[PDB]
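What follows is a single structure, written as structure tokens, with notes after it.
Protein chains: 2
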Amino acid sequence: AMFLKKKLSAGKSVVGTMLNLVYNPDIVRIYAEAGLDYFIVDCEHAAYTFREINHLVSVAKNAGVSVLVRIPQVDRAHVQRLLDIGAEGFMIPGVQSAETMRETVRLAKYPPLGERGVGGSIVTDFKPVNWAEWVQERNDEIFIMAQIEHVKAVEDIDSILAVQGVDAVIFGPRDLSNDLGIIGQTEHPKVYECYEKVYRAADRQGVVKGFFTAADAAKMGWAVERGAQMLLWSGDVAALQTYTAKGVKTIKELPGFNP
Amino acid sequence: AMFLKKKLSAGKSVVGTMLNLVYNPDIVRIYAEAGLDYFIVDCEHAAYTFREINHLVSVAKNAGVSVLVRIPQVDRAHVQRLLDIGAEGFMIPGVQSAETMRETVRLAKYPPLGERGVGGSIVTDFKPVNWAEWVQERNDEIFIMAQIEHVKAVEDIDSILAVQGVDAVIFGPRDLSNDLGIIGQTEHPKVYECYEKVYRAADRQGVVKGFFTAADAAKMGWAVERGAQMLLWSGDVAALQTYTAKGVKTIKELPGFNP
Ligand SMILES: [Zn+2]
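Keeping their order, the protein sequence lines are chains A and A'. A prime marks a further copy of an entry chain.
So the first sequence is numbered by PDB author numbering: it starts at 0 and just counts up by one.
So the second sequence is numbered by PDB author numbering: it starts at 0 and just counts up by one.
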């Protein structure tokens with residue numbers, strides 16, 4: 000019923016992409032066939048409803064694909080409902096303190112690790128369970144990932160990543176570059192310095208290393224060299240814009256084309 | 000309010016793609032930005048509802064993108080409603096006789112060119128019109144395209160393309176290759192022989208030439224050389240599968256990736 004942490008725990012590299020536009024649940028089958036392990040629904044910067052997410056999850060659960068959600072704020076409404084619906088976990092944006100992680104974990108974990116409420120029906124994928132065992136096992140499979148976008152978070156990174164229940168760390172390069180006063184220069188040496196500092200803290204704290212690259216898959220080499228297991232590349236929108244624009248341009252450049 | 004025939008009439012080459020998966024209406028804005036003139040909603044092989052099409056059209060009407068629909072059969076329910084909703088016209092699949100075209104035109108054109116019923120509201124994009132002039136002008140802008148998929152249609156092509164109101168002709172290479180007993184061999188010389196025969200008839204009948212290529216944009220050169228104005232390349236699904244699979248594969252091939 001849960002696929003992501005099992006892979007990470009076995010030392011595997013896993014590959015995901017962002018989902019910002021498409022809500023047709025067949026995108027899940029396309030992504031499975033393309034060899035993706037997971038994808039992240041962008042509820043921070045897009046309009047996805049919880050019903051749409053349920054539809055995605057319903058297809059993903061039997062396709063062997065994990066659904067994570069990037070939530071706009073940490074509260075019970077987001078965390079409780081999305082885990083109950085069947086997202087395997089979260090990317091928490093702009094994490095700046097241990098407290099944000101403590102609160103995420105409190106909402107996401109069943110007692111005694113947290114205060115997540117125990118529901119039924121879709122919660123257990125409509126299957127019967129041994130409750131006492133099941134809550135313990137599920138707590139071990141919920142995935143929590145901190146996204147770092149602030150210089151201040153980088154400076155305080157050990158405190159953030161030492162919180163019990165934090166599974167992985169990743170970056171938001173655009174916001175981070177903005178915080179460095181060089182918005183959009185996501186390949187700047189100062190940005191990579193931040194990455195390095197965070198990766199060293201992740202190593203110290205036993206936290207999985209993640210990396211996002213927005214356009215060129217080859218740029219993931221940098222993260223893979225450094226032992227990053229959570230690989231997040233591009234997204235549906237970039238796929239549609241990049242592929243479509245390229246072909247159209249090729250066509251409009253054919254000899255005989257009449258503009 | 001209508002964009003496609005105006006371009007074709009001016010001798011322009013125009014570029015479109017198939018829509019089979021995405022129904023988020025923002026796909027229209029993505030396609031406009033990518034430089035597409037039109038796209039074709041696949042109602043023959045996919046699940047699109049007329050409401051979904053209305054949503055697409057509502058965005059397209061002010062984006063300067065034309066929406067065509069590939070309908071599964073020619074009847075009043077499809078033709079009347081879709082034109083009223085705001086599709087600029089149709090790709091009619093597997094056309095095998097003049098009669099199919101006569102019936103398409105009868106349903107699609109206002110009197111005296113046809114028997115299309117005159118409605119209101121969305122029909123005129125919610126704008127007031129001079130009815131007597133407006134129906135005449137609209138009849139000149141409705142787009143009807145015959146898709147050829149049978150050897151028998153190729154043999155009878157002059158009769159099919161001579162029907163008044165037929166604007167353009169195109170091919171369904173997979174079905175055509177199937178009818179030639181070589182299903183899937185869409186680059187076979189026998190397939191191109193058919194194309195040539197149809198193009199010669201299109202020239203004789205004053206009908207616009209169209210061409211579909213499923214994967215490689217460069218293969219459109221063949222059609223462009225031959226004066227084809229209706230260029231139809233790939234589609235949203237191929238875009239998502241091709242782009243995504245490529246990047247994922249690149250990532251999984253990085254040194255240090257742990258499968
Ligand atoms: Zn969609």
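Every residue, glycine too, gets a C-beta built ideally from N, C-alpha and C.
Close beta carbons around residue i, own chain, < 6 Å, minus the five adjacent residues each side
i               : result
residue 20(A)   : 235 and 236
residue 59(A')  : 27 and 66
residue 195(A') : none
residue 181(A') : 187
residue 189(A)  : 179
residue 241(A)  : none
residue 53(A)   : 84
residue 31(A)   : 62 and 64
residue 24(A')  : 54, 55 and 58
residue 45(A)   : 19
residue 155(A') : none
DSSP three-state assignment for residue i, whether helix, strand or coil
i               : result
residue 25(A')  : coil
residue 142(A') : strand
residue 253(A)  : coil
residue 235(A)  : helix
residue 181(A') : coil
residue 260(A)  : This structure cannot settle anything about residue 260(A), because the visible part of chain A is limited to 0 through 258.
residue 65(A')  : strand
residue 219(A)  : helix
residue 175(A') : helix
residue 167(A)  : strand
residue 208(A') : strand
residue 1(A')   : coil
residue 260(A)  : This structure leaves residue 260(A) out entirely; chain A is present only between 0 and 258.
residue 16(A')  : strand
residue 230(A') : strand
residue 70(A)   : coil
residue 49(A)   : helix
Residues near residue i by beta carbon distance below 7 Å, same chain, minus five either side
i               : result
residue 186(A') : none
residue 77(A)   : 70
residue 153(A)  : 147, 193, 196 and 197
residue 122(A)  : 83
residue 116(A)  : 79
residue 200(A') : 156, 157 and 160
Cβ shell of residue i (< 8 Å), same chain only, five flanking positions each side left out
i               : result
residue 230(A)  : 12, 13, 14, 15, 209, 210, 219, 222 and 223
residue 35(A)   : 14, 15, 16 and 64
residue 139(A') : 4
residue 149(A)  : 93, 95, 174, 175 and 178
residue 143(A)  : 88, 89, 91, 100, 103, 104, 107, 164, 165, 166 and 167
residue 216(A)  : 232 and 233
residue 73(A')  : 91, 99, 102, 103 and 106
residue 124(A') : 0, 60 and 85
What residues sit near ligand 1, counting only those whose C-beta is closer than 6 Å to one of its heavy atoms, in chain order? 21(A), 22(A), 23(A), 21(A'), 22(A') and 23(A')
Using 8 Å as the Cβ pair cut-off and three pairs as the minimum, do the stretch 144-161 of chain A and the stretch 128-136 of chain A touch? As far as the Cβ criterion goes, the stretch 144-161 of chain A does not touch the stretch 128-136 of chain A, which means the pair count is below three.
Three Cβ pairs or more, each shorter than 8 Å: is that satisfied between the stretch 168-175 of chain A' and the stretch 103-114 of chain A'? no
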